[PDB]
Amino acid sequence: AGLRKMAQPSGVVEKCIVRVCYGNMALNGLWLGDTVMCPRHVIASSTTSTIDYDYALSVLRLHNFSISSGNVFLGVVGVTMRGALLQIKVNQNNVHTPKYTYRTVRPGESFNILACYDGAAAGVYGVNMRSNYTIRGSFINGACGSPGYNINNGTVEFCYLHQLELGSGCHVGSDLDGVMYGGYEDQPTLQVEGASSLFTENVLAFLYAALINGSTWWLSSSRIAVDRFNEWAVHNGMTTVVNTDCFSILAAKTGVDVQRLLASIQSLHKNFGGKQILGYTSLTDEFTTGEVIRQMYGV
């Protein structure tokens, strides 16, 4: 019993973290095979104005990099621009490289953050990509380059490298192709986050978890159809429901259909805060159907 937001174990990723320094900047990189990937703002000069990154690369000198795995320093052979990342070729292969892939995550999907400082892992926690392509992380100065990952059947799927914090305190990365999530710029100029909405398909998963754990006080007797709910959602800070086949096994185990949970969601919006669900805010959207099925029933 219980429901907790968990991270997948971090050991296989920990041995891939390096410290990457250039000039006055220091952040983290991801060392796989004979390449280190890191946010390109490590080569930028200090300025609140816009950075011409092609110019910064044109004046770069390879001997000004300092890249280290612990107290072992890696020699730099070359550098390539990769979107908002640098691909740095080094003279040593990481013998602890796991089997890995890259994958760009989509809104509402969960993954794991390995928060790193000075080229070493400090903390690990699960996150969920919001509708405005930000995550609700915890990062302070020095965290850039911290990776996000999922572990799928022995292969590490890398999906995020940390890049910046917005004025609201939420967090933005790029994928490992160098594409910034949400299209935000890797620039120091002021940008404000897009509007954020609760991810309704994840709220549905959370409410099924609550039923399985014996929480029913919030359950409506009424029903509302998916498309009518979706019309209400986009005026009330919630995302539309697109996928429902994923709920079939949860509806079968609990005896409760999606239309009943959608009506419950509308009512919870009306006395919002009056009571928690399993000790959480009643409209919690950080859990996916997959995470719930794993925690309730196993892998």
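So that there is no doubt, residue numbering starts at 1 and follows the sequence shown.
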Which of the two stretches, 34-42 or 235-243, shows the higher mean Cα temperature factor in the record? 235-243
So 184-192 or 77-85, which one's hotter by mean CA B-factor in the entry? 184-192
Among the candidates 146, 202, 128, 221, give the one with the maximum CA B-factor reported in the record. 221
Chain third (lowest, middle, highest) by recorded CA B-factor, residue given as residue 25: highest
Name the third of the chain's ranked CA B-factors that contains residue 7, choosing lowest, middle or highest. lowest
Sort the modelled residues of this chain by their C-alpha B factor and say whether residue 214 lands in the lowest, middle or highest third. middle
Should residue 67 be placed in the lowest, middle or highest third of its chain by the C-alpha B factor in the entry? middle
Comparing residue 174 with the other modelled residues of its chain, is its CA B-factor in the lowest, middle or highest third? lowest
